There are 2 protein chains.
Amino acid sequence: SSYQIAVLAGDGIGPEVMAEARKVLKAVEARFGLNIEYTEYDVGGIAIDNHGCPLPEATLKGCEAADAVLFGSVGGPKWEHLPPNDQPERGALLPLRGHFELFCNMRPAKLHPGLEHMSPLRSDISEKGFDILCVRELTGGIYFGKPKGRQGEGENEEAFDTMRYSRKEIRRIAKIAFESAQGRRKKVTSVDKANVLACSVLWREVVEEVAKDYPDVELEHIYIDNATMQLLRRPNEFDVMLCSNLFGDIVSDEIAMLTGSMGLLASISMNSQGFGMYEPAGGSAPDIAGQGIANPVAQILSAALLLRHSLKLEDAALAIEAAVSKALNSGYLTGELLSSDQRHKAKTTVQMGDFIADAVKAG
Amino acid sequence: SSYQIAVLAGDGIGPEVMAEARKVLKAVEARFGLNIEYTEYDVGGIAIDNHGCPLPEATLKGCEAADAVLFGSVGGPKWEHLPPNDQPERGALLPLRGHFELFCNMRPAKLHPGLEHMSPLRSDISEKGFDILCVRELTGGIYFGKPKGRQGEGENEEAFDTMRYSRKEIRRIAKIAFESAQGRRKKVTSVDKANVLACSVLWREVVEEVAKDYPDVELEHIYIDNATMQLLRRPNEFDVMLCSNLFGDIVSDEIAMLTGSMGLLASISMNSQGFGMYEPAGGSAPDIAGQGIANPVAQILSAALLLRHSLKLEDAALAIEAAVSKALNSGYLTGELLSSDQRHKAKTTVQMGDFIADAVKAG
Ligand SMILES: CC(C)[C@H](C(=O)O)[C@@H](O)C(=O)O
Ligand SMILES: CC(C)[C@H](C(=O)O)[C@@H](O)C(=O)O
Ligand SMILES: [Cl-]
Ligand SMILES: [Cl-]
Ligand SMILES: [Mg+2]
Ligand SMILES: [Mg+2]
C-alpha cells in the first residue's frame with residue numbers, strides 16, 4: 001500500500017522550500033513507481049496563529065499516523081515576545097522529540113566539491129575537504145533531565161537543571177555512531193567532558209563497552225572545549241562524531257558553519273522504530289520569505305534522507321542526491337553561494353527545484 | 001612591605017617558561033623599585049611524584065599566604081592512567097578554584113598585529129583583526145553543582161550532574177563583564193542556552209538586571225551553538241563575552257584557536273578579594289619539555305596580568321606587555337609562529353626571555 005508522509009512546512013521560507021521538495025519528490029515517485037500520500041499540518045508560528053499553540057494535538061495525531069515527517073522550519077519575529085515555553089522552536093521541537101522518542105539525531109555535513117572556498121577556514125585548510133557526520137543523542141541529558149526549575153528569592157533565588165544519562169540511553173546512540181562509521185571511514189570521535197561531568201564519565205565508559213563489538217572502527221575521545229579547536233585545525237581527520245544532547249547541539253553547529261554552505265545541510269531525527277522527522281539544519285530565515293531566493297537544497301535533501309532512513313528507499317534517495325550534485329557541480333547556484341561580482345546570476349528557489357526535478361526525471 | 005607571589009610551575013614546559021617569566025619579573029622589579037618575594041611549590045604531576053597527590057596541603061597553605069599565584073601548567077602522559085579524580089588537572093584545578101573561591105576567570109585573546117595570518121580563518125576574515133575578552137564564571141554551574149554521581153546497575157545504571165546558579169553568583173560575574181566592557185569597546189555578548197536550560201533563563205534575567213546600571217554598554221544575548229558559528233563568521237564584532245562555567249570553557253577555547261597563536265595567551269582566575277592565579281591558557285606540552293623551544297610569552301604575560309589584577313601595579317604590567325609586543329613586532333618569534341621555510345630561524349625560549357627582559361630594562 002501507500003507510504004504516508006506528514007508535511008509540516010512551518011514558518012518563513014519553510015513553505016517555499018517545501019514546494020520544491022514536493023516537486024522533486026513527485027519526479028522521484030514517477031521514476032521509481034512509488035505510491036506516497038501526503039498530508040499537511042500546521043506547526044510553529046502558523047500553528048500558534050491558527051490554533052493557539054505551536055504543536056497542536058491534531059498535528060501530533062497526524063504525525064503519529066504517518067510513516068515519517070518532512071519538516072520545514074519554525075520561528076520568526078512575530079512570536080519572539082512570548083514566554084520561552086510558548087514559542088515555535090522550543091514549544092514544537094523539544095515536545096516533538098520527547099513525544100516520538102526521537103533519540104537519534106544525525107547531521108551530515110561536507111564541503112561540496114567546487115564550493116570549498118565558501119568555508120570560513122583558511123584556504124589551505126578548506127581545500128583539503130571534510131565530511132563529518134554528527135550523531136547527537138536527542139532525548140536525554142540536560143535537555144529533559146529532572147529536577148529542573150527554580151526556587152528561592154532575591155539574591156538567593158537559584159535555578160537548576162539536571163543532566164542524566166543511563167547505560168541503555170548511551171548504548172543505543174553509540175551503536176548508531178559505530179554502525180554509521182562502518183559504512184563510512186570506520187572512525188568515531190566521542191565528544192565529552194569526562195574530566196568534569198559524571199555523565200561524561202559514564203558516557204565514555206559505555207562508548208568503550210559498545211566499541212568492543214566494532215574492533216575495526218577507530219575510537220577516540222575528545223573533550224568538548226578541545227573539539228571546538230580541533231575542528232578548526234584538522235576537520236579532514238574526523239569521520240563520525242558521537243555526542244550527548246548539549247555537546248551535539250554545539251559541535252553540529254560549529255561544523256555546519258565550517259562548511260560555509262548551510263543552505264545545503266539537512267537533519268535526521270529518528271526513533272527506534274524507524275519513524276523520523278527530516279528537516280533543514282538552517283532556520284526559517286523570515287528576512288527572505290516569499291522572495292523566492294532561499295536555497296531549497298536543504299529541504300530537498302531532507303526528503304532524500306526521509307526516503308533512505310524512514311522508508312528504506314535507497315535508490316530513490318540516491319537519485320535525489322545525484323540530481324542535487326548535478327545542479328551544484330554545473331554551477332546552478334542560489335545567491336548566497338556566489339561571490340558579490342557573480343551574485344547577479346543567482347538562481348531562484350523555483351529555478352533550483354526545476355533543475356533538480358528535471359534531473360531526477362532524465363535519470 | 002614586600003609583595004608575596006607563590007610560584008607553581010607544574011609539569012612539562014612549565015618550569016622552562018617560568019624561568020623566563022622570573023627573568024622578566026626581575027627586570028621589572030629593578031625598573032619600578034618593587035620588593036617582591038617568591039616562594040616555590042609543587043603542584044600537578046611533580047606534586048603527585050614528591051607527595052602523592054596533585055594539590056598538597058602545604059601548597060594550598062603556601063598559596064594562602066601569598067598575594068597571588070604565578071602558575072605554569074600541569075599534566076602529562078606519566079599520570080594519564082590514574083582515576084579522573086587523582087590526576088594533575090582535574091585534581092589540582094577544580095580544587096584550587098573552589099578552595100580560593102576564584103569565581104572570576106578572564107581569558108583575553110587578540111590577533112596580534114603582523115600575526116593575523118596564523119589564524120585558521122580565511123584571510124579576508126583574519127585580516128580584519130579581533131580582540132575578544134572572555135569572562136567565564138568559574139566556581140558555579142555544572143562543575144560544582146550537587147547532586148552529582150551515579151546509581152543503579154546494568155542497563156539502568158545512570159549518572160547525573162546538576163547545573164545550579166543563583167542570582168548572587170550571576171550578578172558578580174556579570175558586573176566584571178560590564179566593568180571590563182566599559183574600559184574596552186562597551187559591548188557585552190552573554191552566551192547561554194535560555195531556550196532549554198532553567199539556569200540560562202535565570203542567567204539572561206540577571207544579566208538584564210545588571211545591564212540597567214551600564215546603559216552605555218551594548219548587551220546582546222546569543223545561544224551557545226550559534227555563538228560557535230558567529231565567532232567564525234564575524235569575530236571582529238565581539239568585545240566582551242560573558243559565559244557560565246561550561247559555556248565559557250567552550251567559547252574561550254574556540255576563540256583561542258581562532259588566534260592561531262595560543263602560545264601568547266594567558267588566563268586570570270580571581271576571587272572577590274583580588275587574590276588570583278595567572279597562568280598560560282595552553283598546557284604543559286610534555287612533547288617539547290626541556291628542548292628550550294616552547295614559547296614563554298604566555299607565561300610572561302601571565303606575570304603581567306598578576307601585576308595588574310592582583311597587585312594593582314598598572315605601569316609594571318604595561319611595561320611587560322610593551323616589551324612582549326616589541327619582540328613579536330620585531331619578528332623575534334619562536335618556531336610555532338613561523339612558516340616552515342622560515343622555521344629554521346626560530347628563537348629559543350631563553351632568547352625570547354632575554355629579549356623581553358632587556359626591553360623592560362631599556363625602558
Ligand atoms: C531550538 C533549540 C531547542 C534546538 C536544540 O537546542 O536542540 C536547536 O538549537 C537545534 O539544534 O535543533
Ligand atoms: C581541565 C579542565 C577541568 C579545565 C576546565 O574544564 O575548566 C580546563 O578545560 C580549563 O579550561 O581550564
Ligand atoms: Cl546533555
Ligand atoms: Cl555551567
Ligand atoms: Mg542547535
Ligand atoms: Mg577548557
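Heavy atoms only: backbone and side chains are in, while hydrogens, waters and symmetry mates are out. Every number for a ligand or one of its atoms is a count from 1 in the order of the listing. Convention: sequence-line order gives letters A, B, ...; per-chain numbering from 1.
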Worksheet item: Quick one: do the A:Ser200 and A:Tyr223 side chains pair a donor with an acceptor below 3.5 Å?
Response: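 On atom types as modelled, these side chains do not qualify, holding no pair under 3.5 Å.
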Worksheet item: Is there a donor in the side chain of A:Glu208 and an acceptor in the side chain of A:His221, or the other way round, less than 3.5 Å apart?
Response: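 Yes.
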Worksheet item: Hey, is A:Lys193 close enough to B:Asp249 for a salt bridge, meaning N to O under 4.0 Å?
Response: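 Counted as a salt bridge, because a side-chain N and a carboxylate O are separated by less than 4.0 Å.
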Worksheet item: So, are B:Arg167 and A:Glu158 salt-bridged, with charged N and O less than 4.0 Å apart?
Response: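 Not counted as a salt bridge, because no side-chain N and carboxylate O are separated by less than 4.0 Å.
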Worksheet item: Sequence neighbours excluded, which residues qualify as salt bridge (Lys or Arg N to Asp or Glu O under 4.0 Å) partners of B:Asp86?
Response: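 By the salt bridge (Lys or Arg N to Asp or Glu O under 4.0 Å) rule, B:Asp86 matches no residue at all.
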Worksheet entry | cation_pi(B:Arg136, B:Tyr143) dist<6.0 Å, angle<=45 |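 The answer is yes, since B:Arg136 meets both limits relative to B:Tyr143.
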Worksheet item: Near ligand 2, which protein residues have a heavy atom under 4.0 Å away?
Response: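 Lining ligand 2: A:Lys193, A:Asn195, A:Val196, A:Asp225, B:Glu89, B:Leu94, B:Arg97, B:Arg107, B:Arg136, B:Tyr143, B:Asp249.
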